[PDB]
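Working notes, beginning with the structure itself.
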Amino acid sequence: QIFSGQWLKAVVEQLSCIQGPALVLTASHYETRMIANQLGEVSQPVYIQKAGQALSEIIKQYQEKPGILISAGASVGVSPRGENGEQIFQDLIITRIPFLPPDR
Amino acid sequence: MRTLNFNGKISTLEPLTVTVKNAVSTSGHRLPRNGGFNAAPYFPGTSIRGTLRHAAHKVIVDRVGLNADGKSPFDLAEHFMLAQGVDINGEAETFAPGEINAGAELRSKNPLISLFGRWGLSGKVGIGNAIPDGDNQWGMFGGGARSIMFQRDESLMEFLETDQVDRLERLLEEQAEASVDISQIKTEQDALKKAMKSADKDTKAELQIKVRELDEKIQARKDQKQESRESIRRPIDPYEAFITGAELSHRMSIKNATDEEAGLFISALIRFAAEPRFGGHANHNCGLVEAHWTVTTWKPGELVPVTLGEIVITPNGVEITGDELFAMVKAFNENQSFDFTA
Amino acid sequence: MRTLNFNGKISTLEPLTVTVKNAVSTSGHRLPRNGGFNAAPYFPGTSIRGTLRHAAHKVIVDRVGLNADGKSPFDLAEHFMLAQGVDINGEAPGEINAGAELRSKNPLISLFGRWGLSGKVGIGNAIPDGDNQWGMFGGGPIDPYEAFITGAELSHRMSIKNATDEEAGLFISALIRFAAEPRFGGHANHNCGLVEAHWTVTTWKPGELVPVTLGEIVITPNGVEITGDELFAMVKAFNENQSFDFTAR
Amino acid sequence: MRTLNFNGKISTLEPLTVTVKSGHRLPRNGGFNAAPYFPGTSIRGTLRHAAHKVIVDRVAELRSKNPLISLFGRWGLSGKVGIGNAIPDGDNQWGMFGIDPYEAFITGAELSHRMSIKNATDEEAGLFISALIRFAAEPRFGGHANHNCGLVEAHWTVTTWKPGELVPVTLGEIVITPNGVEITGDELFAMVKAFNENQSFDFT
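So the protein lines, in turn, are chains Z, P, C and D.
For what it's worth, full-length UniProt numbering labels the leading residue of the first sequence as 417, then goes sequentially.
For what it's worth, full-length UniProt numbering labels the leading residue of the second sequence as 1, then goes sequentially.
Numbering-wise, the third sequence is residues 1 to 91, 96 to 144, 235 to 343 according to full-length UniProt numbering.
Numbering-wise, the fourth sequence is residues 1 to 21, 27 to 64, 104 to 142, 236 to 341 according to full-length UniProt numbering.
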């Protein structure tokens with residue numbers, strides 16, 4: 417489980433090129449932590465899902481101030497929709513397809 | 001060039017302990033286990049071999065003798081080669097041409113290196129691990145706790161000056177507030193510990209760094225404490241040791257040992273019997289043992305080994321049986337052809 | 001520079017208990033057990049070692065002398081060094101040979117070492133000879239504490255390794271002063287701890303096949319009998335040596 | 001500052017019964038089949054009551109203020125005094141006497250007994266001897282009040298030992314008996330006078 421640095425640089429580069437609120441669905445909370453570390457928070461607030469956290473707290477952290485939300489796992493049929501209901505993230509970055517580990 | 005098998009038992013006169021760096025962990029001092037967590041702990045053959053090698057080195061420096069001032073003729077390099085087995089001047093190479101057929105002559109001139117070997121010269125003696133005969137036979141000893149001398153007895157106040165009494169009281173107060181500070185630092189530490197293991201991969205790396213810096217903070221508080229750099233009244237970690245009287249089966253063997261090398265080994269055991277100490281915690285008199293070894297030889301090609309005698313080490317003395325062992329000791333003592341500087 | 005093994009028996013005039021936090025459990029003050037659950041209780045060598053170390057400390061501060069105010073010239077750091085070996089002040097390759105003269109001028113810290121300084125004396129665990137010499141004492235919902243019985247024979251064995259005449263005399267004097275209050279363990283109330291003990295001090299010159307007994311030291315409530323002119327010789331050698339600086343480390 | 005050892009004998013003129021506080030047996034001195042002993046807990050309790058009611062009759105730094113607490117001590121404070129148990133000398137000599238019968242030593246029993254004061258000063262160490270003399274008025278070494286178990290006589294050889302010397306010196310002989318209290322040794326009398334002359338006291 418080592419992520420190649422070139423891919424990290426490319427991913428942060430494409431993340432920073434976004435000009436609006438976005439939802440980054442990484443695959444592992446470990447990927448969430450490495451991508452957060454590699455990001456320089458040049459963009460509007462970066463909200464990170466700590467390993468074993470609760471998504472809805474970051475959801476309501478994100479409604480007050482839309483920005484870039486890197487939340488691995490999560491989903492399970494959820495959506496960071498606004499208060500009256502509107503698409504508040506024009507971009508959705510699936511960094512890697514969440515390929516399941518091999519299970520001997 | 002006869003192979004001597006010293007098969008015998010070490011009975012533990014005082015608890016037998018050893019701190020093997022692998023065996024110990026942050027859980028606590030544990031004896032080196034004979035495979036796995038729950039196996040029967042053994043006393044390492046490395047410790048016995050080192051003790052016997054230092055005994056043989058002392059034997060050799062005593063037989064060579066001392067000058068009027070009491071300094072052995074050997075140098076630091078020769079001492080380290082004889083007992084420690086490490087070369088100070090770099091004169092030890094493995095599998096190098098030129099030393100072919102020089103090993104026999106060096107062994108004859110230097111029985112110590114012959115027996116215990118050096119870097120590149122195979123040691124003729126192998127000092128096996130001590131395996132207990134029966135279950136249990138190991139447990140936690142030492143322990144106890146350091147305490148404030150004057151809190152345990154008050155007669156020592158009448159010896160300490162009022163300024164020293166002030167220093168005492170300040171030492172107490174400071175050690176106490178530092179103890180509660182370290183206490184809450186440890187509470188944070190253990191809280192971290194709970195996640196150090198339960199975690200995802202390289203998430204925990206950060207927690208490793210956190211504990212490392214919390215331990216640097218601990219050191220900082222140590223420096224802050226003033227006076228004692230440590231905690232005076234602290235509990236002592238118990239150390240695992242074999243119970244007294246414990247029977248530990250021991251198998252040593254000397255591969256193709258001349259009568260001279262065998263005599264040096266036996267004299268080494270004789271000198272070791274003066275202080276029959278193995279392992280550590282000598283402050284608690286740990287390591288004192290009485291040991292009886294049946295020396296048996298096995299001529300290659302023969303189906304059975306013949307017993308050349310029994311060597312019994314006891315607090316009451318060293319008992320040597322069989323004329324073969326006596327002839328070995330006499331051969332070693334009489335031989336004046338030993339050069340320990342090569 | 002001889003190795004003196006003190007081999008002998010401790011007979012307990014009153015019970016003898018030690019609250020070692022390792023053994024004590026929810027049952028109460030369990031004696032250290034020398035094994036598993038059903039092994040034979042052993043009186044730790046750490047307790048006897050502390051008692052004899054503090055006896056040596058007391059004789060050292062007595063032999064140094066007391067000022068007119070009745071106070072000892074040593075400071076707190078030096079007291080803690082002598083009895084507890086704890087570096088209160090906190091002050096190596098330069099120490100490789102400093103141990104020789106630090107031992108020579110401070111016989112106590114040589115005998116009972118400090119952190120990084122190997123102690124010459126090793127005080128072992130007292131172990132009962134027979135069986136059923138341990139029971140519960142202290143009846144009074236009050237925790238009964240484990241302890242040995244009156245007259246229990248505990249086989250003890252100390253050993254001083256490469257000690258000089260002053261070192262061995264210091265240890266003998268420490269035993270003399272301990273025999274004034276021959277109390278081991280704790281439980282000062284209930285008078286538990288007081289023992290009468292006797293040791294045959296036998297030495298063993300390395301190389302010799304059999305050790306030679308320098309004599310017997312016997313501690314009884316009616317006195318301390320020192321047999322063997324050699325133990326007296328080491329005692330007076332320690333007493334008359336006026337060349338001990340106890341302010342070095 | 002002398003550490004006083006009271007080595008001596010307790011002779012019993014009545015069956016002493018203890019463990020008043027499955028059957029009523031005496032505490033076992035190891036195992037079950039070994040000799041019995043009379044627990045020092047009750048002896049030190051009696052000495053506690055004696056010291057308490059002598060200081061009532063009359064009226104390190106703490107030790108000078110309260111000689112009682114210096115002798116026996118609170119939880120935090122180490123008490124100088126320690127009262128061991130009474131061990132029988134010979135074989136047998138104890139029986140099921142006496236309603237559930239209780240276990241007791243026969244009349245005429247002689248027990249070897251040890252008491253000690255660590256680093257005693259004459260001031261507070263006099264209090265212990267005064268506690269034994271006023272004990273002698275009411276010699277109760279039993280656990281029964283209706284059956285008045287506890288009538289004993291006891292003779293203690295006080296042996297101090299200044300540390301360092303090879304032998305201890307006998308201060309004197311303290312005997313307690315229903316006839317009264319008998320004391321020997323002029324220096325023991327002077328010790329108890331030291332106690333008397335000071336008046337340092339505090340309540341508990």
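By construction, the Cβ of each residue, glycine as well, lies at the ideal position given by its N, Cα and C atoms.
Inter-residue spacing [alpha-carbon to alpha-carbon] between residue i and residue j
i, j, result
"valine 458 (chain Z)", "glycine 489 (chain Z)", "24 angstroms"
"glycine 50 (chain D)", "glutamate 319 (chain C)", "36 angstroms"
"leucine 288 (chain C)", "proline 41 (chain D)", "19 angstroms"
"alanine 246 (chain D)", "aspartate 339 (chain D)", "38 angstroms"
"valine 304 (chain D)", "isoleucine 243 (chain P)", "37 angstroms"
"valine 59 (chain C)", "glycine 70 (chain C)", "15 angstroms"
"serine 183 (chain P)", "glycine 144 (chain C)", "35 angstroms"
"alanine 104 (chain D)", "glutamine 151 (chain P)", "10 angstroms"
"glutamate 240 (chain D)", "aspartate 153 (chain P)", "39 angstroms"
"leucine 112 (chain P)", "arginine 30 (chain P)", "32 angstroms"
"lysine 225 (chain P)", "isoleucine 232 (chain P)", "12 angstroms"
"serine 155 (chain P)", "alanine 274 (chain D)", "34 angstroms"
"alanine 39 (chain P)", "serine 249 (chain P)", "16 angstroms"
"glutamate 310 (chain D)", "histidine 292 (chain D)", "7 angstroms"
"residue 223 (chain C)", "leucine 82 (chain C)", "Gap in chain C between 144 and 235; residue 223 (chain C) lies inside it and carries no coordinates."
"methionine 1 (chain D)", "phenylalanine 80 (chain P)", "55 angstroms"
"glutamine 479 (chain Z)", "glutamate 473 (chain Z)", "10 angstroms"
"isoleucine 313 (chain C)", "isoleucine 270 (chain C)", "8 angstroms"
"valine 86 (chain P)", "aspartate 163 (chain P)", "51 angstroms"
"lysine 193 (chain P)", "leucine 207 (chain P)", "8 angstroms"
"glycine 468 (chain Z)", "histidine 445 (chain Z)", "8 angstroms"
Host alpha helix (DSSP H) of residue i (start-end)
i, result
"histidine 79 (chain P)", "76-79"
"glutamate 240 (chain C)", "Here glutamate 240 (chain C) belongs to no alpha helix (DSSP H); instead the beta strand (DSSP E) covers 239-242."
"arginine 221 (chain P)", "203-225"
"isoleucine 320 (chain P)", "It is not in any alpha helix (DSSP H) - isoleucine 320 (chain P) instead sits in the beta strand (DSSP E) that spans 317-320."
"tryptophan 423 (chain Z)", "421-432"
"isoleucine 60 (chain D)", "45-63"
"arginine 233 (chain P)", "Here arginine 233 (chain P) belongs to no alpha helix (DSSP H), and DSSP marks it neither H nor E."
"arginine 520 (chain Z)", "Element bounds for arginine 520 (chain Z): n/a, residue is neither H nor E."
"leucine 325 (chain P)", "323-334"
First and last residue of the uninterrupted beta strand (DSSP E) at residue i
i, result
"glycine 70 (chain P)", "Counting along the chain, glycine 70 (chain P) falls outside any beta strand (DSSP E), and DSSP gives it neither H nor E."
"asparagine 256 (chain P)", "247-257"
"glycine 8 (chain D)", "3-12"
"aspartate 507 (chain Z)", "507-509"
"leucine 31 (chain C)", "Looking at the DSSP string, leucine 31 (chain C) is not in any beta strand (DSSP E), and its letter there is neither H nor E."
"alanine 291 (chain C)", "289-297"
"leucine 308 (chain D)", "306-314"
"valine 440 (chain Z)", "438-440"
Nearest neighbour of residue i, chosen from the options [CA to CA]
i, options, result
"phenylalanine 43 (chain D)", "D:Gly35, D:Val18 and D:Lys9", "D:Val18"
"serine 11 (chain C)", "C:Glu290, C:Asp323, C:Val312 and C:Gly309", "C:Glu290"
"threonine 46 (chain D)", "D:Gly317, D:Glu105 and D:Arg251", "D:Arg251"
"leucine 308 (chain C)", "C:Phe332, C:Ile266 and C:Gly301", "C:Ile266"
"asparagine 316 (chain D)", "D:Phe272, D:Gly263, D:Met1 and D:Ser108", "D:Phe272"
"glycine 128 (chain D)", "C:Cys286, C:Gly90, C:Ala96 and C:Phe326", "C:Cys286"
"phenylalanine 141 (chain P)", "P:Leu264, P:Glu14 and P:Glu260", "P:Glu14"
"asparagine 335 (chain P)", "P:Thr297, P:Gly263 and P:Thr314", "P:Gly263"
"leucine 121 (chain C)", "C:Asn333, C:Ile100, C:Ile254 and C:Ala282", "C:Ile100"
"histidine 284 (chain P)", "P:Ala342, P:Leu16, P:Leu172 and P:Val180", "P:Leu16"
"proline 235 (chain C)", "C:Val20, C:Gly28, C:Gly8 and C:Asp135", "C:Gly28"
"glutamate 324 (chain C)", "C:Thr297, C:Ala342 and C:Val312", "C:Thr297"
"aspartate 135 (chain C)", "D:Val329, D:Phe37, D:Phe6 and D:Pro32", "D:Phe37"
"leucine 52 (chain P)", "P:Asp133, P:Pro300 and P:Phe278", "P:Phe278"
"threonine 442 (chain Z)", "Z:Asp519, Z:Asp507 and Z:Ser487", "Z:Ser487"
Within chain A, the residues that residue i reaches when beta carbons sit closer than 9 angstroms
i, result
"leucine 288 (chain C)", "In summary, chain A is missing from the structure at hand, where the protein chains are Z, P, C and D."
Cβ-heavy atom distance, residue i to the ligand FMN, below 8 angstroms
i, result
"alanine 241 (chain C)", "This structure lacks the ligand FMN, and indeed carries no ligand of any kind."
Between the region 177-190 of chain P and the region 207-222 of chain P, do three or more beta carbon pairs fall short of 8 angstroms?
Result yes; three or more Cβ-Cβ pairs closer than 8 angstroms.
Contiguous alpha helix (DSSP H) assignments of at least 4 residues, all confined to the region 115-158 of chain P
DSSP runs (the alpha helix (DSSP H)) wholly in the region 115-158 of chain P: 149-152.
Would you list, in sequence order, the uninterrupted alpha helix (DSSP H) runs of no fewer than 4 residues that lie entirely inside the region 451-483 of chain Z?
Segments of the alpha helix (DSSP H) lying fully in the region 451-483 of chain Z: 471-480.
So within the region 153-193 of chain P, which uninterrupted alpha helix (DSSP H) runs reach at least 4 residues, ignoring any that extend past its ends?
Qualifying alpha helix (DSSP H) stretches: none in this window.
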